[PDB]
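What follows is a single structure, written as structure tokens, with notes after it.
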Amino acid sequence: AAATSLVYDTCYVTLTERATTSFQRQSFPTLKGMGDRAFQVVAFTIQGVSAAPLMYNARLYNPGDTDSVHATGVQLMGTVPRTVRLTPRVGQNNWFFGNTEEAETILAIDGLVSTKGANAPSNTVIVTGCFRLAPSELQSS
Amino acid sequence: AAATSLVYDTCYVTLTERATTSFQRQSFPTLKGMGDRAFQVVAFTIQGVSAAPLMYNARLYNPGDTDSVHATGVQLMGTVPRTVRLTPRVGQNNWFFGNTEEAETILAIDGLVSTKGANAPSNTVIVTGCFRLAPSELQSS
Amino acid sequence: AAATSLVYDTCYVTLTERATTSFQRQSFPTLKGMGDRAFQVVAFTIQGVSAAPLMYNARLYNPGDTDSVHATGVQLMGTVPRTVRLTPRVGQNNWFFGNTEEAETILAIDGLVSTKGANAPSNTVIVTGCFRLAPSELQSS
Amino acid sequence: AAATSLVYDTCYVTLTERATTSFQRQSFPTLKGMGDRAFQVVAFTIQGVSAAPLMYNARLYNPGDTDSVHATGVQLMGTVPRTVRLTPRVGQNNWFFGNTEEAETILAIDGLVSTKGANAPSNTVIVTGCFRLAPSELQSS
Amino acid sequence: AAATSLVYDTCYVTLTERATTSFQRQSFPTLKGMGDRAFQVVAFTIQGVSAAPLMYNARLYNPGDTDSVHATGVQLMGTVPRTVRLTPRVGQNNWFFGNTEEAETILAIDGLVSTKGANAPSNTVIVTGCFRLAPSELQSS
Amino acid sequence: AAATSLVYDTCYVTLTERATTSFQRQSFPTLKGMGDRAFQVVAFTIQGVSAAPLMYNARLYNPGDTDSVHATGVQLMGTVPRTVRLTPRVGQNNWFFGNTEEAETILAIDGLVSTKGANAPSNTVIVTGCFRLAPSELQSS
Amino acid sequence: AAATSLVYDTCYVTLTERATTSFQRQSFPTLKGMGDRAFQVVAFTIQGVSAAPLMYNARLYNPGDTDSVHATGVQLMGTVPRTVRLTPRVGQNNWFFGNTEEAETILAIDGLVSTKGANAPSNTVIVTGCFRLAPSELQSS
Amino acid sequence: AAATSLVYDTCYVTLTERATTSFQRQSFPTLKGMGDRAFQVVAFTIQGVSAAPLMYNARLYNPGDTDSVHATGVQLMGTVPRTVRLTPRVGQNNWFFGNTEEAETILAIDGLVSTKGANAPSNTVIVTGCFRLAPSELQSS
């Protein structure tokens, strides 16, 4: 066999009102420095708190796509941390090859407000991805 | 036999944004004044509240190490108290000898903010450690 | 919780007759670039082939030690690949802190010949380590 | 596999009143001359007799520590032999590497008297350690 | 909850013929330096040896009392260690408040001889108390 | 062990209308002359008869208190003997130390009449206490 | 029999930062005006809310003591009401005699802040005690 | 009913070589001061230690007899405490009336040596009697 590995990587961000923040290969410490080894998204856990009403939508991408294939749907944020899980099903699951560029988008989170022109209040979102890794593509001596 | 004792000790702190607060042997009242008796960390219960979004990461140390071997991973804080438990497994569990210096680090908690240059809002973290104690190393008359 | 990860990393080498080759943190691709996150050795699988009689001894280290605490014992190599598993038990298992230096020795393999002054024949050894990872020690913004 | 060995080694001493006698690697015949092979303390059996009231405290050490992590607690000695067993639990159990120096302390026994300035009466303590041994680290030809 | 702790503390003494030795809060290392935290006596284990015939009577006190409420009753001592357990029942069990003075008597042991005017022979008594501790009364910042 | 003893002691009295009669340590024959030995109230049996309507209230004391912690509540007396049992529960049960003064109050019985200024008719009350005794605190020779 | 009664009494307060508020006999309406009748603490339910991070420690007293014998341990307060129960065990349970002074302390609650010199934010604590009552000590006509 | 009480009383002595020591009503603290109340011997527990070989014979008496009706038979004493129980059977059991004189013999212990003219070495014997008590014979007012 080839033993597939299972790694949890976490990143955090402050969301901005009419913007989307991209979580790329380089946003996750382990994926960023592991070298030439393929990976697949198993699940994402998104945790967020806000000082006042705010919404977000976490969207998952297949490799190379210009838009997402899965999403949590808009979620409300309150003053106490709340956790949402995003699990892809067959077809929203394609493996990223070992050489995927560091800037390749894996998950994008949109920041949304309901009042026209309003600013996002202070907030923090923690994203933890669970990734399955294929064996390394090693070079010869 | 030697009867091992089980003691709960608590300490509290206000976290600061780009700083880590160390909980040393002297931070725990009983460990601080018990004399020459070895101890082991059984578990830590961390409870925190914040007036606005804030994160922390509680990290456990083995004796003499310059960095931690276990951690809760970054945690979000909200306006209602929330409890997290940190339990070491084999290898993150070495016993501290009776003479460990009062300034020896046992647990360190990092204060983190998601917005560049932001200050930590008012917050309080209560740390309760459960320690196993070996018999005292008494002196002769 | 903190989710502990399980990663398999592989490295290969040609053994030399009266020398020991060290497998350091940097010898394993994932451990090398993952950043500040603690890890523990779960098991090592050693696979070797040789063009003619040769022996090796794979030795496991606890963090910071100048000599090993576990070993496979001398093993013979033949012309067909053969696999040996090295699993530490309690006490040969201490966790390496997140900041362990890249040059820190984890496993060392000695190359041995039975005839005085003989050279090692062509050989290859593949080492696959299974490591448990603690959550990352992330920096604040 | 590597077959771990189990060896019992014994040493005896006369305790002195305000002194501690160290049982080092060299105090145990087999550990002393076995060469480069790692070992772990499994258990210690301490047997003592005294011509008049006397106390002792047997303390176990992890490798390299300057003070002990386990102890029997003070024990009374009478005119008939009495046996006490000292068994380390996880964390008071680290393996000693093969090259541990002959003068490395494994167990220390303090001699204690209850009357200020009194001398210890004639006494004898027999210490039998049970050690687990790893395979030898052999040199190449 | 409040987690109650369970601690074993030991002290030793040489008994004198027509005198009583008091074991105060300060006689027990942990109770002595733990600060402002209430405690209750769970049990006492008394172990004694003597070079010649001698008796003792171990007496337990409730907080603030000028005489004891429980006792082992007179016990004989011989040349081999002998253990007696003293366990209070309801009413001989009141909790000592956190601020109890260091000189407060918890257990007193009388030394007795049967021959008029005789001196006590060489002897040693080891007292191990098992105490239940309430949470610490911490000060505000 | 220490064998706890169980003793029944009885005393009788004639109640007076606006007065309370105290049953002290010296009111009970055995408690009065037993010496330095602690005791606890297990139960009291109160039996009374009166030539005409009369009431009483039997009240139990903990050691050193200036008022009672338990009571039968007012009881009516008639021309035929009637028995009431007073059993303390946890907390109304503290042990009296061996040296409690002979004049220390254990039980007090108030004599009550319902008509303003009336005198108590001829009456007799028999009080039988059941006491648990600790071992004696003996003096040395 | 004597029927023991069970009464719930409630009091509320605003905590102050480096101060302790005492809940005395007079703080509880029923205990305050019931007259000469003994009582025992069965349990306390403490409920608190705060506009920002704040801590408290609720401490239980036995009658006449100058410091407490039981405590909840420091508790965090958030923006949503939270309930903690304090139940005494044997020995932290002594009955208060009927005549206990109105100013006698039963429960004390310390207000604590984690930042040096900080003031307590707006807060409210509701304390409900459950008390067992003995029969009244009535006077004669 | 009449409730019979059960009391344990203890006395100690040093035995002398060709002499018998009498344990009279006055030798037992409770029996000595209880007043006019009948009693019966239930059992005697004799515990003795000696610095060198010595023998004793404990003999039980019925009221008013000039010699004993029961005995332990000669017993050897060594350097470690040893316990012997003496339990009367029907007929060696007569009750002592309430007014028995303080000097009335209940148990006698003979000190014996085996070498002609030898002296008894240092020794101590603890005697604990278990007595059943009848109700007190109270006087009228």
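Order of writing sets the labels: A, B, C, D, E, F, G and H. Residues in every chain begin at 1.
The definition used in the following text is that a residue touches a chain if its C-beta (ideal position, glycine included) is under 8 Å from a C-beta of that chain, and two chains touch if they have at least 3 such contacts.
Molecules present, by chain and UniProt name: A, B, C, D, E, F, G, H = Coat protein.
Enquirer: Half is the threshold here, strictly exceeded: which of A-B, B-E or E-F has more than half of its contact pairs identical to D-E by residue number?
Expert: That would be A-B, since it shares over half of the contact pairs of D-E.
Enquirer: Hey, which pair has more contacts between C-betas, B-E or A-B?
Expert: Taking the two pairs in turn, the one with more contacts turns out to be B-E.
Enquirer: As a quick test, compute the distance in whole Å between the mean CA positions of chain B and chain H.
Expert: Centre-to-centre distance between chain B and chain H: 62 Å.
Enquirer: Return the distance between the CA-based centres of chain C and chain F, expressed in whole Å.
Expert: Each chain's C-alpha centroid was found; their separation is 81 Å.
Enquirer: Using mean C-alpha positions as chain centres, tell me how far chain A is from chain G in Å, no decimals.
Expert: The computed centroid separation for chain A versus chain G comes out at 50 Å.
Enquirer: Which integer distance in Å separates the CA centroid of chain F from that of chain H?
Expert: 33
Enquirer: Please set out, as single numbers or ranges, the residues of chain A touching at least two other chains.
Expert: Only 10, 12, 14, 79, 128 qualify.
Enquirer: If you look only at chain D, which of its residues touch chain C in the complex?
Expert: Result: residues 1-3, 36, 38, 40, 90, 93-100, 134-141 of chain D touch chain C.
Enquirer: Show me the residue ranges of chain A that touch chain C in the complex, using the header's touch definition.
Expert: Residue positions touching the partner: 3-10, 12, 14, 29-30, 32-35, 37, 128, 130, 133, 135-136, 138, 141.
Enquirer: Name, in rising order, each residue of chain F that touches chain G in their complex.
Expert: Going by the criterion above, the answer is residues 17-18, 55, 57, 59, 62, 65-74, 86, 90-92, 94, 110-118.
Enquirer: Which part of chain G faces chain B closely enough to touch in the complex?
Expert: 52-55, 73-74, 76-80, 82, 112-115, 118
Enquirer: Enumerate the contact residues on chain A facing chain B in the complex.
Expert: Within the complex, chain A contacts chain B at residues 10, 12-14, 47-51, 78-81, 122-126, 128.
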